[PDB]
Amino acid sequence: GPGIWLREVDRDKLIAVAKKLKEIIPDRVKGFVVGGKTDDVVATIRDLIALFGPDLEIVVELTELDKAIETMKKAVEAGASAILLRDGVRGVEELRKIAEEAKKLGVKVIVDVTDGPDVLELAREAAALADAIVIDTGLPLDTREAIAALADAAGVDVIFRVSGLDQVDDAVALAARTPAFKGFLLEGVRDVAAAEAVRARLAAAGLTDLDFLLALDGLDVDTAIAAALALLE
């Protein structure tokens, strides 16, 4: 079956969810995407590594390009294994240095590709630097096809960020055209009913077994667990 990644920026909420997942479905938990203050993220990373095994992957979100390397070094020292660079479309020339320092640490590089004047240049740079690219499905279709074709040719894993059910249909169709496609980042799930609709669409597309990420932004602890279990059944 598929494995679950969880994205949550609140430490108290993430740990409460993580403790429950460890008790119920520890072997299905693949990793966590964490963010926030360096002091909070580093404490979360240690807590998550204490809960789960040394095999737990932890992605630290970097939202400030000029502070990314310092936050990355401290997070990796806590046990993080990957970075997710957001806001790269503003200053594309800054990603090489960040990606170079990530590589020197043996850290995976994930680049979030969102809209902007330099979105194609960001996509090109991400293709030359990143292990994986997260493509916002809300992007215009021709732009998304461009980014996916660029990443595929570079051998970069492609992750589709989806929020609407129509975004799911878009990403599913494009996923079948993208060999580099690796999985979905599920945003907007607010109850088990929405989690069921996604699970059914993924089943109809034959994409169930791929690991996915569930963003917990729109969920409380009990609904996050119920939505996670609903997607994983």
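We number the residues from 1 along the sequence you see.
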140-148 or 124-132, whichever carries the higher mean Cα B-factor: 140-148
Going by the average Cα B-factor in the PDB entry, point out whether 66-74 or 163-171 comes out higher. 163-171
Among 35, 188, 183, 31, where is the Cα B factor highest in this entry? 188
By its CA B factor, does residue 15 count among the lowest, middle or highest third of the modelled residues in the chain? middle
By the entry's values, the third containing the CA B factor of residue 92 is the lowest
Among the modelled residues of its chain, the C-alpha B-factor of residue 198 falls in the third labelled middle
Residue 50 - Cα temperature factor, lowest/middle/highest third of chain: highest
Considering only modelled residues of the same chain, in which third does the CA B-factor of residue 61 rank: lowest, middle or highest? lowest
